[PDB]
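What follows is one chain in structure tokens, specifically the form deposited in one PDB entry.
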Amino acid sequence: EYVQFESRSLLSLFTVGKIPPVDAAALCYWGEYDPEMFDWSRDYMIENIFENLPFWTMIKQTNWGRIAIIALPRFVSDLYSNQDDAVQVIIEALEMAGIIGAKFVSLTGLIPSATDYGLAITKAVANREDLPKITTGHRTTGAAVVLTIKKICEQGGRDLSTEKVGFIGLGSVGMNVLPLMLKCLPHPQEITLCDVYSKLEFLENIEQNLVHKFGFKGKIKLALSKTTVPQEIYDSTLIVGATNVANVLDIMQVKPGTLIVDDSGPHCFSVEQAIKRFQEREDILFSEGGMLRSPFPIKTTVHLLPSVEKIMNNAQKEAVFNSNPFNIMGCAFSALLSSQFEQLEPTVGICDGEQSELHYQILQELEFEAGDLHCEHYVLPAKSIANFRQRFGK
């Protein structure tokens, strides 16, 4: 009903006037390359499967405008391995996005992390006026994570003021979330800051700002990761993830009663292990952190890459047809917010991010909340959440 498959090219349908222009776009990529998961080399897949071209695969029609979802013809490791090439393929996708009407384009996933948070792109297109404006969307993502912290505490039957909160990954998203959480939600009793060893001095400065600028009066701890998080992180009762490295947290070692909000993509813990533990014990709550729930249903048009349409053609793989029609990622929705509300300026670079409050406030005014607790394909059943709340609430 709210999800429709389109076998014909969206680009073709647009150029003949059969579908209207969009107001915004969001750029994504084709996950990660693993030679043991595909029949072909990385170069073969880029040239012959992705055709070295951006691919317009989805339209999300919201109450606040239409967003095109456009996949770059790259894997995430390609973006990190040659920034010049990443910027060039992004500029190619921006030209397509402008033709189909986008005024603002969000850089989803790890594209900001790989492109100096967009600054490498804006420098390369400074001599052009024919392209949409770019945004990392991280202020909206930060607002979505804070909404999810609020939601997961409510669903768990606990107040944030009694939690010991562990932040795993204090990069662009993580440092949007932490100040906004302190500004908008009750302060927890303890905060642990966890990142890699080379960022010790960076974390020490955050600790100073926590005391003197954000007004945090609780206990502050620093925890340095090597290949995985240190064991002290498992003393936390609420874990907030935003890493660029998968599987650094062992979900089987979190204590019963722990709440986990994770914006990392791929997740900083094993999704399959989390689902298994939850189904067997119902003693954690865990969720994506970046997903918003719109008050109005969203109409999604899906055009699969004809390769994927045939191989990933399980009749049950049409879980797309049944994905929640109220959900939209905050990063992608940020491009619509910047076009609806001029004060929500696009973000490029590491930004001061106190304007994250403006994103949180406008989402609250529009009656957005965090998406219902879920992790990738798996929705946590409401009765199982109630069982957790009965046992581990306060």
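Only the largest set of C-alpha atoms that superpose within 1.5 Å between the two forms is called the rigid core. Throughout, we count residues from 1 along the sequence that is shown.
One more form of this protein should be noted, the form deposited in another entry, which is absent from this view; the next part is about it.
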Next item on the list: Would you say whether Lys299 is displaced between the shown form and the other one, judging by a C-alpha shift of 2 Å or more on the superposed rigid core?
Entry: no
Notebook entry, point to check: Superposing on the rigid core, do we see a C-alpha displacement of 2 Å or more at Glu154 between the shown form and the other one?
Noted result: no
Item checked: Large Cα shift (2 Å or above) at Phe368 between the shown form and the other one, core-fitted -> no
